[PDB]
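Protein chains: 2
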Amino acid sequence: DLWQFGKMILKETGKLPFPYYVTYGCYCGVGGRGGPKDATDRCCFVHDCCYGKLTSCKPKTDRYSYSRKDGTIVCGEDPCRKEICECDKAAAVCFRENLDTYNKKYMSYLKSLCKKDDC
Amino acid sequence: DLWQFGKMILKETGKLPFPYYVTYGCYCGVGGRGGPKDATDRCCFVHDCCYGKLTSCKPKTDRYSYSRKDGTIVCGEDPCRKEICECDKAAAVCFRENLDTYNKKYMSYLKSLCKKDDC
């Protein structure tokens, strides 16, 4: 579910998707049109590829089951639901692991400075 | 400030910008490339025009002053800050006034079904 994904992001990074990630860099914030500007930017790219591999699933509408009671996201128990959940988990963890280099200057970055990797 | 704008949205509509509005319809969720699909969609268009009129300002980076202690957004007291704040207020109020017709089916709507109004 796109909402569940946004919570994982909030819970794992302490930042709300908007505007911190919905408008970041050349990929996350430009529809994935430009090439990733840094590690955090690359997390979005890796996320799309993860979804790309789930052909028979509806990664954006299916509501899966997960928990984070003790600090770590654990996907509950639908082959699609679980796979979708893993993709989301990975990305939330990716944004977290890269908070060390998150650049606020890339927030709402400009398209004309973006270039362009394939899954 | 893009963050302040997102809070006004949250406070006025009870919905988090992402994914409810960042990915809605043909304008809000498609960079403003396609024509508005409905009233809520149109709110984003009206918001961009509002910013468009603030040439000497940085509508996305300037942090203004506002309050909503008693249920109504009131912009505190920089000519730019105040104007930016009004734009944000109007849009938050626009999303609110149109919750009555908000369509969840337009969330992450498809670009190929979008068409295309000028400020």
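Residue numbers (the entry's author numbering), protein chains in the order written: chain A, 1 to 77, 79 to 117, 120 to 122; chain A', 1 to 77, 79 to 117, 120 to 122. A prime marks a further copy of an entry chain. For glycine and all other residues, C-beta sits at the position ideal for the given N, C-alpha and C.
Asked, Found
"Please name the residue in A:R82, A:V46, A:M108 whose C-alpha comes closest to that of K58 of chain A.", "A:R82"
"Verify the CB distance criterion: does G14 of chain A have a CB-CB separation below 8 Å to chain A'?", "no"
"Is the segment 8-16 of chain A close to the segment 35-51 of chain A', with three or more CB pairs under 8 Å?", "no"
"For the segment 31-45 of chain A', list every residue whose C-beta sits within 8 Å of some C-beta in chain A, in sequence order.", "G31"
"What residue range is occupied by the uninterrupted alpha helix (DSSP H) comprising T72 of chain A'?", "Counting along the chain, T72 of chain A' falls outside any alpha helix (DSSP H), and DSSP gives it neither H nor E."
"Three Cβ pairs or more, each shorter than 8 Å: is that satisfied between the segment 17-24 of chain A and the segment 14-33 of chain A'?", "yes"
"Mind pulling the chain A residues with CB within less than 9 Å of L54 of chain A'?", "Per Cβ cutoff of 9 Å: no residues; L54 of chain A' is ~15 Å from chain A at best."
"Helix, strand or coil for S56 of chain A? Go by DSSP, reduced to three states.", "coil"
"If the criterion is Cβ atoms closer than 8 Å, does the pair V46 of chain A and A92 of chain A meet it?", "yes"
"Would you mind giving the Cβ-Cβ distance between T40 of chain A' and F96 of chain A', rounded to the nearest angstrom? I have them listed as a contact below 8 Å.", "6 Å"
"Tell me, to the nearest whole angstrom, how far the beta carbon of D1 of chain A' is from that of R63 of chain A'; I am working on the premise that it is less than 8 Å.", "4 Å"
"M108 of chain A' bridges to which residues according to DSSP?", "A':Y24"
"Relative to the C-alpha of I73 of chain A', which residue among A':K106, A':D89, A':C44, A':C122 is closest?", "A':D89"
"Quick check: what's the CA-CA separation for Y110 of chain A versus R33 of chain A?", "13 Å"
"Is DSSP giving residue 119 of chain A' helix, strand or coil here?", "Missing from the coordinates: residue 119 of chain A', inside the break in chain A' from 117 to 120."
"Say whether chain A places a C-beta atom closer than 8 Å to the C-beta of residue 124 of chain A'.", "This structure does not reach residue 124 of chain A', given that chain A' is present from 1 up to 122, and the question cannot be answered."
"Measuring only between beta-carbons, confirm whether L2 of chain A sits less than 8 Å from chain A'.", "yes"
"For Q4 of chain A', which option in A':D120, A':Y27, A':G35, A':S67 has the closest C-alpha, if you only look at C-alpha atoms?", "A':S67"
"Can you pull the chain A residues whose beta carbon is under 7 Å from the beta carbon of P19 of chain A', in chain order?", "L2, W3, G6"
"Along chain A', which residues have their Cβ under 7 Å away from the Cβ of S109 of chain A?", "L2, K60"
"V22 of chain A' CB to nearest chain A CB: under 8 Å?", "yes"
"Tell me whether the beta-carbon of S65 of chain A lies closer than 8 Å to the beta-carbon of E77 of chain A.", "yes"
"In the DSSP assignment, find the unbroken alpha helix (DSSP H) run with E77 of chain A in it and report its ends.", "Per DSSP, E77 of chain A belongs to no alpha helix (DSSP H) and is neither H nor E."
"Just to confirm my understanding: we take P36 of chain A, look at its own chain, exclude 5 residues before and 5 after, and list those with CB closer than 8 Å. What are they?", "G25, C26, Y27, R42, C44, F45, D120"
"In terms of residues, what are the limits of the alpha helix (DSSP H) holding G6 of chain A?", "2-13"
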